[PDB]
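A.B. asks: Whatever this is, show me its structure:
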Amino acid sequence: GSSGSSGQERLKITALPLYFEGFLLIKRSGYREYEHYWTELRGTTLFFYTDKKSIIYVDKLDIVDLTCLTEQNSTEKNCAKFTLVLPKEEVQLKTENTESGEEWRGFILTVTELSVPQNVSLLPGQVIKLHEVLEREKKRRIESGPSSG
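C.D. replies: Numbers count the residues shown, from 1 in each chain. Pasting the structure now:
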């Protein structure tokens, strides 16, 4: 119907540093049909949302222990389709166009390999992100290990 409120909610720092954003399609055994959700790339955890307004992500994933990334030819549409190989379970991912794909894929490979893929098609203005995003997660490396047990 409608909502009402008096105040501005514009924070800069929340929990994890933002790297990328765009409507991503999630697919996992059972889904059957790629799900739509405002996916957000942060640190090394994929956060799925429903709307920018939403503060609490409807659901989130994890690709920190990513084992690798596969590609699916899929002769039909020229898009980027890869599967997130995890040491626990695999998950399907999809974008809107090849562009976004290369973006995520790259961005991910960056927030997974702890480096930057030089085998992409992105530009010098996009690659930077990969570099930045990297250095961004790099710091994380600082306090990551298990502090005592």
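A.B. asks: mind listing the strands for the protein?
C.D. replies: Assignment of strands within the chain using DSSP state E yields the ranges 18-27, 35-42, 45-49, 59-60, 68-71, 81-85, 91-94.
A.B. asks: Turn these into TSV, including mean neighbour count and distance to residue 143.
C.D. replies: Yep, even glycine has a C-beta here, placed from its N, CA and C like the rest. TSV is the format used below for the strands of the chain (neighbours: other Cβ atoms under 10 Å; distance: least, Cβ to Cβ, whole Å):
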stretch	mean neighbour count	distance to residue 143
strand 18-27	18	19
strand 35-42	19	17
strand 45-49	20	16
strand 59-60	14	21
strand 68-71	13	27
strand 81-85	19	26
strand 91-94	20	28
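A.B. asks: and of these, who's closest to residue 106?
C.D. replies: If you check each of the strands of the chain against residue 106 by Cβ to Cβ, strand 18-27 wins as the nearest, at 9.3 Å.
A.B. asks: Direction included, what does that closest one pair up with?
C.D. replies: strand 35-42 (antiparallel), strand 91-94 (antiparallel) (DSSP bridges).
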